[PDB]
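Written out below as structure tokens is the structure these notes cover.
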Amino acid sequence: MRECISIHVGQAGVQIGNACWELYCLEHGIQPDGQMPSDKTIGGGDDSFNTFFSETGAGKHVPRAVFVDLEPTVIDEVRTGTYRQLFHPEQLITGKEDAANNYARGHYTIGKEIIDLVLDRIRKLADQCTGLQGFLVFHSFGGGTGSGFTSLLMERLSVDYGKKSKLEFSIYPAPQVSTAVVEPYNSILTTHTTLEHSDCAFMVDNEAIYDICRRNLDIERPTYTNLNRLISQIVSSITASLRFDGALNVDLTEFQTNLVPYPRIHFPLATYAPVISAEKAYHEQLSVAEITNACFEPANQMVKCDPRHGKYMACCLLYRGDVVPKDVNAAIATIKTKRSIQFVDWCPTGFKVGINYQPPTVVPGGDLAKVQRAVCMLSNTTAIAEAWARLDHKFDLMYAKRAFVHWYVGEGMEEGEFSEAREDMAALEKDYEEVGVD
Amino acid sequence: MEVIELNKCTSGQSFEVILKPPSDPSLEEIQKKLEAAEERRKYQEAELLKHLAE
Amino acid sequence: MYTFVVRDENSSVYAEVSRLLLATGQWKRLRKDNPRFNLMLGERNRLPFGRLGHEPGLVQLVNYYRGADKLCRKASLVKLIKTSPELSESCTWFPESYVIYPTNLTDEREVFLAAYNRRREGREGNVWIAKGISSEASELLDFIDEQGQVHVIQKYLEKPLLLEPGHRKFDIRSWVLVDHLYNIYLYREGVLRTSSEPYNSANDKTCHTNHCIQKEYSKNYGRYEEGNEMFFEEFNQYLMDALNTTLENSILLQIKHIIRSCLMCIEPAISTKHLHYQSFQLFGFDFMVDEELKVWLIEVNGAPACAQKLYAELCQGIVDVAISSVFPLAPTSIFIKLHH
Amino acid sequence: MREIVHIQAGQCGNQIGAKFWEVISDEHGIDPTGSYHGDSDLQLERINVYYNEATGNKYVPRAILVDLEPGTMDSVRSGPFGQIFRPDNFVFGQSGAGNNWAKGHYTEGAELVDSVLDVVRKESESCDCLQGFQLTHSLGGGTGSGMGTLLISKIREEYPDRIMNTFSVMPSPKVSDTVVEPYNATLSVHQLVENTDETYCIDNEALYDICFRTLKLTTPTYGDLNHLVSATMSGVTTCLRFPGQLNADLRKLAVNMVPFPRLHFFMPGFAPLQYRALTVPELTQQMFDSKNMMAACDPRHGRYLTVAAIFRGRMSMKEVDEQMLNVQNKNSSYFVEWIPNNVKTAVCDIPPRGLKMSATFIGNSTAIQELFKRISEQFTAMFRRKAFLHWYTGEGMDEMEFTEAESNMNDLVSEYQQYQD
Ligand SMILES: Nc1nc2c(ncn2[C@@H]2O[C@H](COP(=O)(O)OP(=O)(O)OP(=O)(O)O)[C@@H](O)[C@H]2O)c(=O)[nH]1
Ligand SMILES: Nc1ncnc2c1ncn2[C@@H]1O[C@H](COP(=O)(O)OP(=O)(O)CP(=O)(O)O)[C@@H](O)[C@H]1O
Ligand SMILES: Nc1nc2c(ncn2[C@@H]2O[C@H](COP(=O)(O)OP(=O)(O)O)[C@@H](O)[C@H]2O)c(=O)[nH]1
Ligand SMILES: COc1ccc(CN)cc1OC
Ligand SMILES: COc1ccc(CN)cc1OC
Ligand SMILES: [Ca+2]
Ligand SMILES: [Ca+2]
Ligand SMILES: [Ca+2]
Ligand SMILES: [Mg+2]
Ligand SMILES: [Mg+2]
Ligand SMILES: [Mg+2]
């Protein structure tokens with residue numbers, strides 16, 4: 001058994017982390033107080049869930065998680081909420097005023113004064129590990145803390161944990177659910193100082209989650225609670241192999257191996273099906289073929305793009321529920337003949353399949369309906385570069401006029417770091433085009 | 001349409017289907033970036049104070 | 001009040017669509033760089049599709065199908081027919097073609113030579129054309145090597161149907177419009193771009209039908225029909241007086257079948273059914289007709305123009321079935337829907 | 001605990017400031033004596049933003065009342081909510097400033113500034129984490145203008161990293177006390193351009209035209225003009241004083257509104273302005289209509305750099321999104337195309353007193369330059385003859401100082417003009 005420490009940074013990270021650990025507890029039969037009746041080894045054990053939960057002599061199952069925010073109003077919720085007993089106070093860290101949606105303020109001004117405190121709390125969780133694998137980092141691209149402090153933390157993690165892997169779950173900015181005009185600046189600044197530090201990054205476009213909630217859940221004006229409960233479902237599908245007995249994606253290194261054959265192209269696309277409204281009178285349960293085929297519909301992708309016009313480097317199918325291998329291959333055979341699935345020549349045309357028999361757990365009273373089988377597909381398409389393209393465009397529009405730059409310079413950042421970060425985005429889009437187009 | 005590496009356990013199974021074959025900065029350098037930015041802020045607040053003194 | 005942007009100033013078809021849209025009083029044109037638009041009359045090369053369908057509250061529509069170049073490229077159309085089971089390599093309405101990369105650069109040089117050697121030995125007509133016409137494989141391959149771009153060698157129709165009087169060659173241009181729903185509409189009005197020179201199968205590339213080669217190197221332009229353009233009403237009356245058959249029966253059935261076969265082939269690759277934006281596009285199909293009244297597909301154009309006499313009616317139709325069908329305003333259709 | 005320290009200087013500053021605390025005190029359920037008597041916990045949620053908690057569960061505004069003459073502050077202390085203000089927070093002189101910017105900034109005001117800053121320091125030391133400052137004043141008089149900007153210059157010296165906002169009332173000949181109001185305003189704009197992060201421009205002409213043309217008030221008074229400013233100040237601060245998914249302090253709100261440091265002068269707007277229900281589309285049409293704006297600048301004469309819209313009341317947030325996008329998508333030529341998504345919307349479930357729902361408009365438009373062109377024109381018509389200059393040179397000022405303020409404002413105009421093209 002090897003431990004995995006989760007780090008939630010900024011408002012988006014903290015609230016998504018809240019929705020994941022709420023789900024992890026329902027999945028592993030863990031109560032809000034930390035008790036687990038099923039665990040028969042009290043105060044210890046090297047089981048599958050022990051990669052994410054430590055144990056105390058009193059039988060408490062404590063998440064191997066750390067929460068970091070530069071302003072306290074968001075983490076104070078965790079300190080008084082349903083699961084206020086899961087985490088001990090050291091795990092929750094808060095400042096007094098935020099980065100004001102200013103990357104430079106989170107990276108330099110405020111981040112400098114609190115980086116050693118965070119690393120000290122992380123070093124505590126690391127000391128409770130017999131064989132630490134690495135870290136899963138949750139944050140937003142647009143937030144000042146989510147962007148600024150995350151990239152600073154990522155830099156130090158590579159220095160203090162050189163032989164550990166780092167996974168990112170990054171929230172891509174959507175104007176529909178955001179009031180930040182400068183998010184393109186923060187997004188591209190954080191991708192520059194974090195590109196050579198992340199081993200595998202899962203982007204989640206809030207616009208994608210927003211439309212799934214409206215289209216499939218009949219939520220007219222979705223809230224963060226709706227978005228986050230759905231995002232925690234996908235995240236749960238992705239981290240399940242680390243927390244449950246199995247052979248696919250057993251450790252964090254296997255995410256890089258199976259999803260990232262080329263180092264600088266480490267942004268896999270996530271697709272999820274089915275999303276059924278709990279308020280439905282009653283849905284006709286979909287089959288293996290139907291949910292598998294849904295993974296090739298853009299309306300179910302975490303990032304809106306057209307995989308028909310890119311090339312696949314890796315494809316990984318993760319099933320939960322009543323799924324048998326025979327039905328998976330049968331659906332795959334039918335999709336090859338119908339869909340447009342082009343793999344790069346230097347990669348094999350194939351699919352790694354993982355089945356977990358326990359069907360997806362749904363938060364009681366939530367929005368998602370119980371289903372007999374669900375699938376999350378992880379595929380590395382060059383088509384996801386469309387998301388970077390959109391962002392780059394917005395960045396260029398404002399930086400040509402230097403709009404809002406003074407805010408960043410005023411916090412100690414030099415202007416050139418902008419263009420140096422933008423040129424790194426031009427390099428990234430050059431790789432995606434060498435790998436995809438002919 | 002070949003299946004390989006089939007592993008089964010009580011809680012699930014996994015395999016791989018092949019359809020076709022193929023064809024950093026140190027702790028020292030970080031402290032400098034952070035301190036350099038802090039110095040540029042001090043120099044910019046000094047010129048602001050110098051301005052207010054005139 | 002809908003908004004549209006124009007990114008192809010050189011579009012004579014959508015320059016009229018833009019002129020008509022504004023005439024409705026319910027369409028407002030914005031700067032070419034304004035993102036708050038409903039309709040994008042986009043550029044030809046490198047149209048930024050990835051930035052469409054991401055403006056909150058705005059239903060966005062574009063006049064190009066992302067991926068339709070697979071059909072409007074000499075080398076891609078060949079590769080699409082030889083590898084798409086829907087068309088098969090035995091396709092009877094497409095000339096025997098081959099992809100030939102210049103030797104200064106897969107390639108089908110050896111596969112093209114095997115078939116070429118079979119004709120020379122079988123006393124069969126062995127005249128080919130590379131495409132900027134020869135019966136010797138040596139000249140064809142040596143001409144492509146002198147160029148630096150990909151070329152395709154396809155059979156040259158040595159038995160083309162000739163109009164009388166004149167003994168002259170021609171080609172047929174049909175305009176096809178596919179809307180956001182992927183309905184395939186065929187404009188009832190075609191045009192024959194005829195050669196004002198008597199076809200000569202023993203030699204000069206003017207009697208073998210572009211409007212620019214006939215109006216520049218041909219010395220009989222505008223003699224028989226105005227502008228070397230014969231419309232269906234005349235060409236049909238000729239088919240009846242000469243061959244005792246109609247245009248619908250002898251040619252039009254085969255044309256409607258080719259348009260359907262090509263567009264339905266690439267539908268899974270270019271459809272915007274479940275996409276965050278919508279696509280429509282106007283196509284220009286170019287056919288050849290041989291003395292057996294068999295129709296052949298020459299090429300498909302993704303940014304075609306329209307005959308001067310038909311700019312009004314066709315552009316008005318593009319607005320009815322492609323633009324207003326998605327953004328309604330506050331017949332006897334000019335199109336022939338090809339159901340499927 | 002993101003506390004805001006409020007300052008009101010001069011006649012106009014204290015009269016408008018008085019109505020502000022009167023309006024939001026009624027919204028938070030605070031009575032004239034400082035006792036809470038509401039029914040919704042949402043009122044006390046962010047009550048400490050503008051109020052300090054005293055013994056006996058009393059709430060005392062975090063306000064400092066400053067003037068060079070006792071006249072106006074005597075009325076406040078004897079006004080409706082006069083008892084609510086901390087008695088020590090009244091800092092006033094006796095000589096007055098004679099509508100003379102120099103007296104407020106250099107002579108009379110300078111003699112009194114330190115004692116005012118001692119009170120500011122007292123209020124800041126009780127803040128768990130000071131958000132920033134806000135000043136209410138006019139620019140055409142002497143105290144609020146001259147000494148008002150003197151205070152701003154000293155607050156930026158002692159608190160260089162705190163946000164400094166102002167609600168600045170701009171003079172208009174149609175509502176004028178003295179002919180020297182252009183002199184005082186130009187001298188103040190020079191200070192504000194340099195030393196404030198955000199300024200909400202309130203043009204007395206717009207306030208009059210609204211009372212006269214829209215509200216149908218035959219003979220408007222300063223009391224009528226101040227009601228509009230109360231409502232707008234309450235609307236502007238709605239999202240600071242109440243909860244909601246919005247988690248933003250003054251700085252984060254400034255970062256997203258101010259693309260260029262000097263172009264930080266906003267056009268505020270309020271809707272509506274009687275028993276009929278106003279639909280969400282109607283709220284949006286008015287909020288963007290020039291007649292509902294207080295800067296007296298026709299937005300169609302410029303371009304919006306950024307726009308913040310705050311809706312108050314129980315309404316369909318789905319319908320609000322639709323209407324906002326409709327206004328944008330139907331007038332996209334009045335928004336700079338080089339700032340994507342520069343129009344943001346916030347909602348609040350608590351409406352103002354007497355309104356089922358309302359809207360507050362905050363625009364950073366380059367059309368504000370017309371307000372500085374008016375002041376610059378009126379300034380030059382007198383300054384080219386050095387008319388009325390002796391009142392200022394008699395206080396130790398030099399013409400050069402005038403020429404510099406003039407040049408800084410003209411530059412500001414030419415700056416707005418380059419981003420408008
Ligand atoms: N999916 C999701 N996105 C969120 C959530 N909270 C904030 N965001 C997104 O994150 C972006 C803003 O960044 P924040 O996380 O709020 O800022 P921060 O990390 O707290 O850093 P500060 O600037 O200091 O506040 C916007 O694009 C929001 O849409 C959330 O709970 N769920
Ligand atoms: N296989 C073939 N056999 C006989 N003639 C042919 C032929 N392919 C092309 N042609 C002649 O060439 C003309 C079509 O040329 P082609 O379409 O390849 O050039 P182009 O693409 O520049 C003109 P367009 O505007 O239609 O795209 C026709 O008029 C036809 O007479
Ligand atoms: N809106 C409004 N404007 C005022 C009020 N009182 C004065 N003014 C304006 O402010 C300017 C005069 O400044 P004033 O506050 O009286 O000078 P001060 O007391 O020395 O600061 C003139 O342009 C007046 O029109 C008021 O109560 N409301
Ligand atoms: C939503 O609230 C606001 C939006 C913008 C501004 C201007 N920086 C201020 C606000 O509240 C005081
Ligand atoms: C309602 O408008 C806003 C709300 C919050 C912020 C701060 N990110 C900015 C806004 O407008 C620029
Ligand atoms: Ca155990
Ligand atoms: Ca690394
Ligand atoms: Ca004195
Ligand atoms: Mg935050
Ligand atoms: Mg062509
Ligand atoms: Mg006065």
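Letters A, B, ... are given to chains in the order of the sequence lines, protein chains preceding strands, and every chain is numbered from 1. Counting convention: from 1, in listed order, for ligands and their atoms alike.
- Counting non-hydrogen atoms of other residues, nucleotides and ligands closer than 6.0 Å to CZ of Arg215(A) gives a total above 12.
- Distances below 4.0 Å separate heavy atoms of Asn101(A) from the following atoms of ligand 5: 8 (N).
- With a heavy-atom cut-off of 4.0 Å, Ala100(A) touches ligand 1 through its backbone alone.
- For the pair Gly10(A) and ligand 1, the shortest N or O to N or O distance does not fall below 3.5 Å.
- Which of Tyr172(A), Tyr210(A), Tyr224(A) comes nearest to atom 28 (C) of ligand 1 through a heavy atom is settled by distance: it is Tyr224(A).
- Those atoms of ligand 1 with a heavy atom of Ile231(A) less than 4.0 angstrom away are 1 (N).
- Under a 4.0 Å criterion applied to the non-hydrogen atoms of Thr345(D), ligand 5 contributes the atoms 1 (C).
- Remark: of the listed residues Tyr103(A), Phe141(A), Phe395(A), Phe395(A) is the sole one forming a ring pair (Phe, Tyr, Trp, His ring centres under 6.0 Å) with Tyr185(A).
- Residue contacts with ligand 1 for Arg105(A) are absent, since no atom lies close enough (heavy atoms, distance under 4.0 Å).
- Where the criterion is an N or O separation shorter than 3.5 Å, residue side chain and backbone included, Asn256(D) meets it with respect to ligand 5.
- Between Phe267(A) and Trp388(A), the ring centre distance stays below 6.0 Å.
- The proximity of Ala309(D) to ligand 5, defined as any non-hydrogen pair under 4.0 Å, is limited to the backbone.
- Among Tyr304(D), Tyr334(D), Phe266(D), the single residue meeting the side chain to side chain contact (heavy atoms under 4.5 Å, CB included) criterion with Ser365(D) is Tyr304(D).
- Interface atoms of ligand 1 facing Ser140(A), defined by a heavy-atom separation under 4.0 Å, are 10 (O), 13 (O), 14 (P), 15 (O), 19 (O).
- Between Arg41(B) and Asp161(D) there is no salt bridge, since no side-chain N of the basic residue sits under 4.0 Å from a carboxylate O of the acidic one.
- Heavy atoms of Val177(A) found under 4.0 angstrom from ligand 1 belong to the backbone as well as the side chain.
- Taking a 4.0 Å cut-off on heavy atoms, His139(A) fails to register as neighbouring ligand 1.
- Atom CD of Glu29(B) has more than 12 heavy atoms from other residues, nucleotides or ligands within 6.0 Å.
- Heavy-atom distances between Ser178(A) and ligand 5 stay at or above 4.0 Å for every pair.
- The ring pair (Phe, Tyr, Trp, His ring centres under 6.0 Å) test with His8(A) singles out one residue from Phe149(A), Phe135(A), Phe138(A), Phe87(A), and that residue is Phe138(A).
- Between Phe361(D) and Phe288(D), the ring centre distance stays below 6.0 Å.
- Under a 4.0 Å criterion applied to the non-hydrogen atoms of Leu253(D), ligand 5 contributes the atoms 5 (C), 6 (C), 7 (C), 9 (C).
- Taking each of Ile171(A), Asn102(A), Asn206(A) in turn, the one with a heavy atom nearest to atom 1 (N) of ligand 1 proves to be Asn206(A).
- Every atom of ligand 5 with a heavy atom of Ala308(D) under 4.0 Å away is listed here by number and element: 2 (O), 11 (O).
- The heavy-atom pair separating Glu97(A) from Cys129(D) by the smallest distance is CB-SG, 4.2 Å.
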